[PDB]
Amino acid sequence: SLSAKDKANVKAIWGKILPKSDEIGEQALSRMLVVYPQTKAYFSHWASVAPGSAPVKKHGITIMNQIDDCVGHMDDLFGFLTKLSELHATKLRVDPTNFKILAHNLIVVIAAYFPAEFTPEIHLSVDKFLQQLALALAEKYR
């Protein structure tokens, strides 16, 4: 569970992330696909899974918009994510172990874009946030 300090840290770093949200989403998704190619199994219907390609940019925005929205729902991430959990479980049938893979790549991207701001304490809070987000996405499985 997020403490008040964790929540404050997440909101603070998102102040930096927000103006670059589309680019950060593209970067994070691109890195997930290339660095962890196991994840490509879900995206073979796209015209490309290359970094910076049209489908990757488009879906990078979809992911990051959702994560941006979650920053405003940190008091009840599970309820906020119920319909999206159902979608990933029942419609898309995504093995939920992949959620932490995306989280890792987003962390790497945030570090790359905001090195001075992404201190170990901020990193800890962001990791706690993204782990809870992953669990919320896994909630309606099985």
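Counting begins at 1, following the sequence as shown.
Notebook entry, point to check: Higher mean Cα B-factor in the deposited model: 30-38 or 112-120?
Noted result: The deposited B-factors put 112-120 ahead on the C-alpha mean.
Check: Which wins on mean Cα temperature factor, 123-131 or 5-13?
Finding: Looking at the record's C-alpha B-factors, the answer is 5-13.
Next item on the list: Can you pull the Cα B-factors for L102, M64, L77, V94 from the entry and say which is highest?
Entry: In this record, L77 carries the highest C-alpha B-factor of the candidates.
Notebook entry, point to check: Which third, lowest, middle or highest, does the CA B-factor of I107 fall in along this chain?
Noted result: It belongs to the lowest third of the chain when residues are ordered by C-alpha B-factor.
Item checked: For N98, the third of its chain into which the C-alpha B factor falls -> For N98, the deposited C-alpha B-factor lands in the lowest third.
Next item on the list: Sorting the chain's modelled residues by C-alpha B-factor, tell me whether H45 ends up in the lowest, middle or highest third.
Entry: It falls in the top third of the chain.
Margin query: Could you place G60 in the lowest, middle or highest third of its chain by Cα temperature factor, using the values in the record?
Written below: It falls in the bottom third of the chain.
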